[PDB]
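Peer 1: Sequence first, structure after, both from an experimental entry:
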Amino acid sequence: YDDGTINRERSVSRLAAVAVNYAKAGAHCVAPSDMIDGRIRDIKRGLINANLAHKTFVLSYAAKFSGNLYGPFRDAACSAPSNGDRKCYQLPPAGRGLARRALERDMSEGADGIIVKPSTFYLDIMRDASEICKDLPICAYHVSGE
Amino acid sequence: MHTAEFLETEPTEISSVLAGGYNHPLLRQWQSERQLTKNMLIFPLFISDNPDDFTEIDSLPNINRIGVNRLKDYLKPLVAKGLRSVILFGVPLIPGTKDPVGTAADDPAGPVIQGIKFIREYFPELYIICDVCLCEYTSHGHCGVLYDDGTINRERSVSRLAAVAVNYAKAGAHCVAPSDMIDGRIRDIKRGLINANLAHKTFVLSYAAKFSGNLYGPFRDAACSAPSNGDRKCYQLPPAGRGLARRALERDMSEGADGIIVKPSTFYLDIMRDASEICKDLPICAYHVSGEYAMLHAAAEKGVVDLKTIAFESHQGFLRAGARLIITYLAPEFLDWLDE
Amino acid sequence: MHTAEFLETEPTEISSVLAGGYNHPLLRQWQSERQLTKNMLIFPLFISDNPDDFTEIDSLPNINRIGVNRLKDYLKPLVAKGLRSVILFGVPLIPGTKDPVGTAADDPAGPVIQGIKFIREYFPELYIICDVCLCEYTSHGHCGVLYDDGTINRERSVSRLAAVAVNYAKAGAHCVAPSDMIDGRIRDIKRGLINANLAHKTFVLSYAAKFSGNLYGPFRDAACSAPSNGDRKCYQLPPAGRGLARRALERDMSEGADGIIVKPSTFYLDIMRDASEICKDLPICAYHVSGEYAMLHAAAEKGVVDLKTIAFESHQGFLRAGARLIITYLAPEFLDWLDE
Amino acid sequence: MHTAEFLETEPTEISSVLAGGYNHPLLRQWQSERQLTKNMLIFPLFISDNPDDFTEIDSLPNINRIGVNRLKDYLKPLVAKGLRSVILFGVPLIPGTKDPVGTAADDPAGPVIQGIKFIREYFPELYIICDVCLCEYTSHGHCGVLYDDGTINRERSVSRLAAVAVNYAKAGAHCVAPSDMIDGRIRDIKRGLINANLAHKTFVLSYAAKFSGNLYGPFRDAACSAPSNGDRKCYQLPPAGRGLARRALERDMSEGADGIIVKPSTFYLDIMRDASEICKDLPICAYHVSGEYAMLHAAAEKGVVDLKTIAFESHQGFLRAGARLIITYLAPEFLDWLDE
Ligand SMILES: *[C@H](CCC(=O)O)CC[C@H](*)CCC(=O)O
Ligand SMILES: *[C@H](CCC(=O)O)CC[C@H](*)CCC(=O)O
Ligand SMILES: *[C@H](CCC(=O)O)CC[C@H](*)CCC(=O)O
Ligand SMILES: *[C@H](CCC(=O)O)CC[C@H](*)CCC(=O)O
Ligand SMILES: [Zn+2]
Ligand SMILES: [Zn+2]
Ligand SMILES: [Zn+2]
């Protein structure tokens, strides 16, 4: 938005296109790492409309936490925010209840698998995920900081 | 021209929308199942049998071997800043003291019982926890009494351990924390306290889920307790052993534990979560071990993380995972930090 | 003309769409709750009291009666290929050896204890499991000691069984697996190991859910253990007995089992699933029995199935159902197969 | 002398004692969660478009391709013996009939709809189930309509499938059983029946948990439906896919299934158990597939098992695992067997 806050609808519209476009290019799996509300639904609908949903694994970063452990990644992918931080979309580290809800949401919206990130420092969320998302593959992201 | 494609999407579902819950720093606080307070912190002390000792270990700030004449200067400002509890470890450095059955463990002239009397005298409001084990006191460095083949003698070990724990309580410890991981030791320590008319006064804080691993290096240097031959893999739990941890938690609660410790902490947060279910009616305590503590210092010096920042992240993680208490070498820092 | 009718349908619901999860062979691997590794495999050995024995049974490749001087040539390439564990069954063929109380079961000159010493000597890294029962050693062929009326004497049986199991452990077995299904035998074997100062060294792997049925034919031929009069229906569980299986699982865990075996396997996969809940904190082991093994060979020769293919399908099914270990006569094949 | 050692043991614990529950053959019946009755049995029929056909397949007794003028002689004694239900599969052998969209699937002159009318006329008490899929009717042998790249076209497939299922119901089938495993097909078939004013008359029995594997050989020979290019691994579930099975079960129930089929049976008994929880309010049906059926025959000819005996063991296992219905090629045998 002009105020520097995230535009949900515009964002998920853009994100869904990028994900379809990668699949169209030949990616087997898309892993949305944006943490923007409802993006998995729009990406799944996008793949369905593209006749690609039966070919494309959606691996959501459903439980993705804000924190101090992404330093080196940011250096390698040169993606640091210019103004401010990710605290209003990445989950707050103490936010267990929000993680649990984000896990239920992303599975409900079409995720075939889920990523918990960071890993070691969020092992309890992995355990929470292993219950909520028991019928789905869970993937741990050992982040650059870890 | 490659241009920015935007897909046509449907109206927002209310079920998708989480953002209203954490858009402001006060809400990110509100989202915690429990807040970090000063009285949750337990600080380990290593007492030397040299009363004038103040030896720094591995260049870490909050791991020193301290003798009793040095304890009052050291604790005064800590207690000043709201420190509520300590966990004592003994380091008898005098030669000929260690033997195969850990005789010095409950030596009334030993640093643990000397420290207990010092602290009950000079800091009567401090809550005293003593570690209960034999590894700091056996010549072989193992947590129990051994068979001739070097394996652990269960019955002989728990018999010895139960005496040490009663003897600390008799000396004035408020809490005993058996760290030996020897099968059934909590039952024998509880029965021991009951027979001593001390069970109604003594909190038993079991190290119920205590894992073998690579994270105890610095501790071993400070308490000089490394095993002499082999390792702890047949009594400390194997890191992949979730099922064994769950059973050890049910066991220790059944045998009388008033509280449980999960150790190490960060690397075993999922066991904390498992403990928060099995042991839901008991206090859970996280032990931020010396390896975890020095790992954060190492990372912060190399510029990978910010020490205060990752310290808060790690310690909030304990609370997120179910712990309501924390043993940590960073207690002096948090007694300042939680002020601001 | 009859033409192809197509109904008008609504847009796809996201909830309907599962296909994104298994459209590629790596994903069909990802979908497994656990993968098949070499160290999960346990291979049965039938040791003969004739030290030069190498007798093939029922024309099956991986059921031979083998004497001790023949064991090293036989195990060497198996261990070569990563075999980690064996389960010993004794077959005393010398006349006058069998009697009504199974005296030869723990004969130090018997093939089980001879095999244990051979293997601890020549293959010190192999994990040794011994079957614990009397059927291979009684003249009447029953798993326990009998009353004069031919029915099982519980107390006399478990007393005998507990000694055999301690005696195998004393000889060097790492694990005992009581297959007798006689009420309360695990309690008595555990107490026996405890009294022998061996319980901290010996894994008790109970055949807790062991069913009577039609699938043990070939085994009986190889271990020569068929009952002489009647059958096992009053101690082995009745195939329809789900409630009794569930109770036998709770019982054996309560009495000290460190692990449990469900047997047979394929035909009792639902009991494996039941076990994975009741015994969630313990290793579950599937026994692919001789009847199940020869059934697959029979089917594959008649062209109904592909042996390697249905072998992988059946053994993945064990893991799907909750097992993390497998006793199987197809272990030599999987030690090659899991390479490719 | 080696003598028979007996350990000293404690008095029997009541908790150990299970034997009082199954010491008599009537009690071993009592222990079943449900008994095997005739009306639980569903027998598959393969109808040929040659009305005088009676072709035996793979030398198995209860897999024949039968034409309609031969059906009354064949069903009469079966129905005589209490057969309550049949599941129809069509085998159009006339050339030029198969095409890429399965047009002949609902051909009113086709063997399924001819068989439905024959049976409603001549056996008005028989409960008729028809398999709903396109594999027996497509030139390419796949269960759905394909994209030019040979992959399944979901929307086109479920549109076609829903019509076939309505058309069978319109013809007089009491039940449709979609075996296609194509995402969301049950929703579209249910909506189709609703729009046809037939949903209150038609049981939808989904093959919800239907696995890819090695056990469909003989069926493929009898219904001549083998895929021409490749296999069914991207729509049939992968054998290790427990999580996908559980989700497919929840999905199909949510989309309108009145009952569910788990297939194959013996090799997927744990999924039956999973289904008995998820789908506890619905009938569960086990499909003893042609591969499983011929495997038992193969084993019984080689002398590994007794056919009647392992047949009862396997079919009781279905019921033990949660099934209250069974599709089985052994129905003619059980209609005699359950008499004695
Ligand atoms: C998530 C966003 C990361 C971030 O920089 O906020 C996608 C990549 C995560 C890996 C991070 C790492 O390896 O540190
Ligand atoms: C448990 C035994 C530790 C060991 O060295 O095995 C009691 C003390 C644990 C704290 C260890 C640490 O701070 O690293
Ligand atoms: C259990 C008793 C078997 C029996 O013959 O009753 C111990 C061995 C089981 C393996 C049986 C097999 O492989 O068929
Ligand atoms: C499901 C599809 C079977 C297949 O050939 O893929 C419908 C019929 C199942 C019965 C198969 C059998 O009896 O082997
Ligand atoms: Zn210790
Ligand atoms: Zn036996
Ligand atoms: Zn089909």
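Peer 2: That came through fine. Numbers count the residues shown, from 1 in each chain, chains lettered A, B, ... in the order given. Ligands and ions are numbered 1, 2, ... in the order given.

Peer 1: Got phi/psi on the residue in chain A positioned nearest to chain B?
Peer 2: Closest contact between chain A and chain B, by C-beta to the nearest C-beta, is at residue A:38 (3.0 Å). The way it works is simple: take the backbone N, C-alpha and C, and place the C-beta from them, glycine included. Dihedral pair for residue A:38: phi 70, psi 10, per degrees, to the nearest 10.

Peer 1: how close does the closest residue to ligand 4 within chain A get to residue C:97?
Peer 2: Closest residue of chain A to ligand 4, C-beta to the nearest ligand atom: residue A:54 (18.3 Å). Residue A:54 is 65 Å from residue C:97, where distance means C-beta to C-beta, to the nearest Å.

Peer 1: Chain A: strands as residue ranges?
Peer 2: For chain A, the strands defined by DSSP state E cover A:29-30, A:57-64, A:113-117, A:138-140.

Peer 1: re the thing from before, what about residue A:54 and residue C:97, which has more around it?
Peer 2: Neighbour tally, residue A:54 and residue C:97, criterion other C-beta atoms under 10 Å in any protein chain shown: the higher count belongs to residue A:54, 23 against 14.

Peer 1: mind listing what the nearest residue in space to the more buried one that is not next to it in sequence touches?
Peer 2: Counting by C-beta to C-beta, 6 or more residues apart in numbering or on different chains, residue A:54 lies nearest to residue C:19, which is 3.8 Å off, once chain neighbours are set aside. Residues near residue C:19 by C-beta atoms under 8 Å, 6 or more residues apart in numbering or on different chains: A:53, A:54, A:55, D:154, D:183, D:234, D:235.

Peer 1: Turn the residues you listed into a markdown table, columns for distance to ligand 2.
Peer 2: Below are the contacts of residue C:19 laid out as a markdown table (distance: C-beta to the nearest ligand atom, whole Å):
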| residue | distance to ligand 2 |
| --- | --- |
| A:53 | 49 |
| A:54 | 51 |
| A:55 | 49 |
| D:154 | 56 |
| D:183 | 52 |
| D:234 | 51 |
| D:235 | 53 |
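
Peer 1: So which residues on chain A come close to ligand 1?
Peer 2: A:33, A:70, A:73, A:74, A:79, A:86, A:117, A:141, A:143, A:144, A:145 (C-beta under 6 Å from any ligand atom).

Peer 1: what about 8 Å?
Peer 2: Contact residues, chain A versus ligand 1 (C-beta under 8 Å from any ligand atom): A:33, A:61, A:64, A:66, A:69-74, A:77, A:79-80, A:86, A:90, A:117-118, A:141-146.

Peer 1: Helices - which of these land there?
Peer 2: Of the residues of chain A next to ligand 1, the ones assigned to helices by DSSP state H are A:71, A:72, A:73, A:74, A:77.

Peer 1: What's the separation between the fourth one and ligand 7?
Peer 2: This means residue A:74. The spacing between residue A:74 and ligand 7, counted by C-beta to the ion, to the nearest Å, is 51 Å.

Peer 1: try the second one
Peer 2: Here the distance between residue A:72 and ligand 7 works out to 51 Å (C-beta to the ion).

Peer 1: Quick check: bridge partners of residue A:64?
Peer 2: Beta-bridge partners for residue A:64, by DSSP bridges, are residue A:117.

Peer 1: okay, how far is it across stretch A:86-93, tip to tip?
Peer 2: One end of stretch A:86-93 sits 12 Å from the other (C-alpha to C-alpha, to the nearest Å).

Peer 1: chain center to that stretch: distance?
Peer 2: 12 Å (C-alpha atoms, centre = their mean, to the nearest Å).

Peer 1: Same check on stretch A:33-40?
Peer 2: 6 Å.
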